[PDB]
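*Asks:* Sequence first, structure after; it's an experimental one.
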Amino acid sequence: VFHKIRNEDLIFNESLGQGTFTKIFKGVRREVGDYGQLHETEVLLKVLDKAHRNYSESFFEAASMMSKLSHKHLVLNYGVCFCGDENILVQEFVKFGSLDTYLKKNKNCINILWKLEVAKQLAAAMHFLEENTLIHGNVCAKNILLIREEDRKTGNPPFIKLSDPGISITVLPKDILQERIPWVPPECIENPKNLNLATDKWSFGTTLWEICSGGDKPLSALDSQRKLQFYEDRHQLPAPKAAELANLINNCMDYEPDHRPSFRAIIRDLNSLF
Ligand SMILES: CCN(CC)C(=O)c1ccc(Nc2nc(OCC3CCCCC3)c3[nH]cnc3n2)cc1
């Protein structure tokens, strides 16, 4: 179970946006930390809409399953306040927010080494999940959090974490899944029961496209029906302007799930582009 956090110790501040059937807020948690020292800690607060309390189980098991596995590239969940009528997940507050917004805002100031480093870290996370046979189910740039920016002073690389998957696509409405093309793989658009470790290899390739497309969203110009016909016609995504990773993107986004390479293989491919 998650460590239950008192409503009394949670302060909700500015709205940061919304997720799939969720409201997200910046907040502060009053807690007793190491050595009995009192802290007021910045927290990310994800609230499940009162209008969609049906997905609470998935909304919370998505964080639970990942939280039992500690890893430097996986987001830290502090606990949950079932604040009465509300279902609230309390998470590590990352300084620089989402990768997709960071890529858009800093498109002209991001080189290939920066993108390689971020891809290697994300693949390391996914490899760790693969070794544990844990399916994420929603790998995308929005679910990558920037802990530290690159530092030209000390040449330090950036550092990222993978966030929780949110409500599983197995229970999400059909219209939500279709909107998530091309992050949801073709076999899951055909049948969500096909959720598999191979799903995350496809989505990982889609996310590599985002990292190389400076924040663009692939197929954003296509409505849901045309996104479906994109999979029907078995099309592949266009090569990004920075095409250094185009081959890996296409190799991951294989219409045959069984042919998608292991994340061990993916990592060795990334290490070879130097
Ligand atoms: C100058 C503008 N910036 C940063 C360049 C910010 O406003 C900002 C936003 C969010 C954080 N922090 C954050 N964000 C998350 O998710 C991403 C958010 C979900 C809802 C959509 C908006 C992003 C998180 N998930 C788990 N811990 C999280 N911590 C820090 C800063």
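*Replies:* Thanks, I have it. Residues are numbered from 1 along each chain as shown.
*Asks:* Am I right that residue 234 sits in a strand?
*Replies:* No - looking at residue 234 with DSSP: H, G, I helix; E, B strand; the rest coil, it is coil, so not inside a strand.
*Asks:* Got phi/psi on the residue nearest to it when sequence neighbours are not counted?
*Replies:* Nearest residue to residue 234, sequence neighbours excluded (Cβ to Cβ, 6 or more residues apart in numbering): residue 255, at 5.7 Å. All C-beta spots, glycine's among them, are computed from the backbone N, C-alpha and C. In this entry, residue 255 is assigned phi and psi values of phi -70, psi -20 (degrees, to the nearest 10).
*Asks:* can you tell me which helix or strand residue 103 belongs to?
*Replies:* In the assignment (DSSP states H and E), residue 103 maps to helix 99-105.
*Asks:* swap in residue 41?
*Replies:* According to DSSP H and E, residue 41 maps onto strand 38-48.
*Asks:* What strands flank that strand, and is each parallel or antiparallel?
*Replies:* When pairing is defined by DSSP bridges, strand 38-48 lines up against strand 22-32 (antiparallel), strand 87-92 (antiparallel).
*Asks:* So which of those is nearest residue 140?
*Replies:* Residue 140 lies closest to strand 22-32 among the strands paired with strand 38-48, at 14.9 Å (Cβ to Cβ).
*Asks:* which parts of that closest one are buried?
*Replies:* By 16 or more other Cβ atoms under 10 Å, the buried positions in strand 22-32 come out as 22-25, 27-29, 31.
*Asks:* if we take the residues you listed, which one ends up nearest to the ligand?
*Replies:* The closest of the buried residues of strand 22-32 to the ligand turns out to be residue 24 (Cβ to the nearest ligand atom; 4.3 Å).
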